[PDB]
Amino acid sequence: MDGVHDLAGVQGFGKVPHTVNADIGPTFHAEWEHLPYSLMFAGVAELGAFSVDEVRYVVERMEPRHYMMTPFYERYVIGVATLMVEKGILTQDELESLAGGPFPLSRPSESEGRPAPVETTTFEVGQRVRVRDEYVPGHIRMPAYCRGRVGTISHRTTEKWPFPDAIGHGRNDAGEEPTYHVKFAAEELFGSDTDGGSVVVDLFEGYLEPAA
């Protein structure tokens, strides 16, 4: 999904609000902040209602201005609540009644997702690969800066996982794929407009093809 959450390479932001080893305070800066992750785990591991991938995608589905003005942990309150309503576990009415006021949710999905690709390649360390030049309106774990770009395999995982573009929509056809650490030269991603060296992106097999 080419949403505002795909922030890598966006220009115009100011300084990162940190200097090294500065005090970051407590883990939680408010008494409610442990709730989104704890209730997500209730949903994933105790109820089986949704996957972690579905949590990432429901946050991506916040209305874009809403996303940009909402602090991190609040985005996951909104995302987990949204999934509980969409799965039929909770109603928005009851959430607003308990909350004492409005509880706007993420927007409905506009994609049914897609299955794990049937045709893929097992790549080896050192091989050159291109990121498939594809546009996916639902969940995908490919940041747009690497779409269509060429890099080299530095690692193939020894484990496999469900394809995000399927399991992030709760589909039954996510299969399993390994992922690949793909090293890109900074100039391949941003031309002359970068001060870095290389970027390594961890890309599912189904996002890749042999280069040239």
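Quick note: we count residues from 1 along the sequence shown, nothing fancier.
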>> Can you tell me whether 88-96 has a higher mean C-alpha B factor than 134-142 in this record, or the other way round?
In response: 88-96
>> When the Cα temperature factors in the entry are averaged, is it 52-60 or 27-35 that ends up higher?
In response: 27-35
> From 68, 167, 153, 186, which pick has the Cα B-factor that tops the rest in the entry?
Replying inline: 153
> Which listed residue, 108, 101, 79, 126, has the largest C-alpha temperature factor in the record?
Replying inline: 126
> With respect to C-alpha B-factor, does residue 209 fall in the lowest, middle or highest third of the chain as deposited?
Replying inline: highest
> So where's residue 194 on the chain's Cα temperature factor ranking, which third?
Replying inline: highest
